[PDB]
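*Asks:* Before I ask anything, here is the structure I am working with.
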Amino acid sequence: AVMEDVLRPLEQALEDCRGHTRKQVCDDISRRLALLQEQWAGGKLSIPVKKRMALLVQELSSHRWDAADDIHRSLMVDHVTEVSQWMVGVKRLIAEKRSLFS
């Protein structure tokens, strides 16, 4: 589980949404994605959430949106502390991108 394993698929998702979702919210997501990285590399991130973020990220490589939501939800109730700053960003990203499949 390496930082790039979760951030790459994400910023890939964000860019696939750039032209189709409001730029205003795309930027919001980008800024929260930066904290995730900063916070990850900073060493302020616990292993269990790194593990689940990896899982979460694989779920939308498979386009299994609802599974990604449930993992994100699990992370909120168990690790609100270390994700509250950026989690909303990835929640929105899942929604934005599932609507692109639509």
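Residues are referred to by chain and number: the chain letter is A, B, ... according to the order shown in the structure tokens, the number counts from 1 in that chain, and ligands are numbered separately from 1 in the order shown.
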Tell me, as a list in words, which residues lie within 9 Å of residue 57 in chain A, counting only C-alpha atoms; anything in the same chain fewer than 6 positions away does not count.
*Replies:*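 Listed by chain and then number, they are residues 5, 6, 7, 9, 10 and 68 of chain A.
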*Asks:* Write out, as a compact mmCIF listing (two decimals), in the first residue's frame, the residues just selected, with N, CA and C atoms.
*Replies:*
```txt
# COMPACT_ATOMS: atom_id res chain seq x y z
N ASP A 5 -0.60 4.51 -4.93
CA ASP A 5 -1.60 3.50 -5.24
C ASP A 5 -3.03 4.02 -5.13
N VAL A 6 -3.23 5.05 -4.31
CA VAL A 6 -4.58 5.57 -4.09
C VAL A 6 -4.75 6.95 -4.70
N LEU A 7 -3.69 7.74 -4.70
CA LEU A 7 -3.78 9.11 -5.19
C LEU A 7 -3.81 9.18 -6.71
N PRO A 9 -5.09 6.88 -9.06
CA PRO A 9 -6.43 6.56 -9.58
C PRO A 9 -7.42 7.69 -9.30
N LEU A 10 -7.16 8.44 -8.23
CA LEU A 10 -8.05 9.50 -7.80
C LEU A 10 -7.91 10.70 -8.71
N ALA A 68 -17.70 1.42 -3.12
CA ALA A 68 -16.79 2.50 -2.76
C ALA A 68 -17.43 3.42 -1.72
```
*Asks:* When you look at range 16-27 of chain A with a cut-off of 10 Å (counting only C-alpha atoms), what residues show up, excluding the ones that are within fewer than 3 positions of it in the same chain? I need them as a PyMOL selection string.
*Replies:* chain A and resi 10-13+30-33+89+92-93+96-100
*Asks:* Separation of CA of residue 66 in chain A and CA of residue 53 in chain A, in Å?
*Replies:* 14.5 Å
*Asks:* Would you kindly return, as an mmCIF file with N, CA, C and O atoms, in the first residue's frame, each protein, DNA or RNA residue with an atom no farther than 9 Å from any atom of residue 52 in chain A, considering only C-alpha atoms and excluding same-chain residues fewer than 4 positions away?
*Replies:*
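Final file, selection_17.cif:
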```
data_model
loop_
_atom_site.group_PDB
_atom_site.id
_atom_site.type_symbol
_atom_site.label_atom_id
_atom_site.label_comp_id
_atom_site.auth_asym_id
_atom_site.auth_seq_id
_atom_site.Cartn_x
_atom_site.Cartn_y
_atom_site.Cartn_z
ATOM 1 N N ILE A 47 -2.374 3.196 9.341
ATOM 2 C CA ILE A 47 -2.281 2.147 8.341
ATOM 3 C C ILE A 47 -3.647 1.595 7.932
ATOM 4 O O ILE A 47 -3.883 1.333 6.752
ATOM 5 N N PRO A 48 -4.546 1.397 8.907
ATOM 6 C CA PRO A 48 -5.876 0.865 8.597
ATOM 7 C C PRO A 48 -6.634 1.693 7.558
ATOM 8 O O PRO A 48 -7.369 1.116 6.753
ATOM 9 N N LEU A 56 -11.005 1.155 -1.386
ATOM 10 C CA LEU A 56 -11.943 2.119 -1.938
ATOM 11 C C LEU A 56 -11.564 2.438 -3.377
ATOM 12 O O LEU A 56 -12.409 2.431 -4.266
ATOM 13 N N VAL A 57 -10.282 2.700 -3.598
ATOM 14 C CA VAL A 57 -9.792 3.123 -4.905
ATOM 15 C C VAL A 57 -9.920 2.026 -5.969
ATOM 16 O O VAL A 57 -10.190 2.310 -7.135
ATOM 17 N N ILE A 71 -17.376 1.695 1.773
ATOM 18 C CA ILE A 71 -16.043 1.751 2.358
ATOM 19 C C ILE A 71 -15.783 3.148 2.911
ATOM 20 O O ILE A 71 -15.288 3.304 4.024
ATOM 21 N N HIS A 72 -16.127 4.160 2.122
ATOM 22 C CA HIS A 72 -15.998 5.546 2.554
ATOM 23 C C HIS A 72 -16.811 5.792 3.823
ATOM 24 O O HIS A 72 -16.366 6.500 4.727
ATOM 25 N N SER A 74 -17.676 3.479 6.063
ATOM 26 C CA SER A 74 -16.982 2.759 7.121
ATOM 27 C C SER A 74 -15.856 3.617 7.690
ATOM 28 O O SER A 74 -15.680 3.699 8.905
ATOM 29 N N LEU A 75 -15.102 4.261 6.805
ATOM 30 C CA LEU A 75 -13.987 5.105 7.218
ATOM 31 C C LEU A 75 -14.452 6.311 8.028
ATOM 32 O O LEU A 75 -13.756 6.760 8.939
#
```
*Asks:* Write out as an MDAnalysis selection string the set of residues from chain A that DSSP, computed on the backbone, places in alpha helix (DSSP H).
*Replies:* chainID A and resid 3:15 23:42 47:61 65:83 87:101
*Asks:* Just checking: using only C-alpha atoms, which residue out of A:59, A:15, A:82, A:70 ends up closest to residue 36 in chain A?
*Replies:*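 The closest residue to residue 36 in chain A is A:82.
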*Asks:* Find the residue from A:51, A:77, A:3, A:29 that sits nearest to residue 94 in chain A; use only C-alpha atoms when measuring.
*Replies:*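 Smallest separation from residue 94 in chain A among the options: A:29.
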*Asks:* Might you pull out every residue within 10 Å of residue 35 in chain A, with only C-alpha atoms counted and same-chain residues fewer than 5 positions away left off, and present them as a list in words?
*Replies:*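 The residues that qualify are residues 30, 40, 41, 42, 83, 85 and 86 of chain A.
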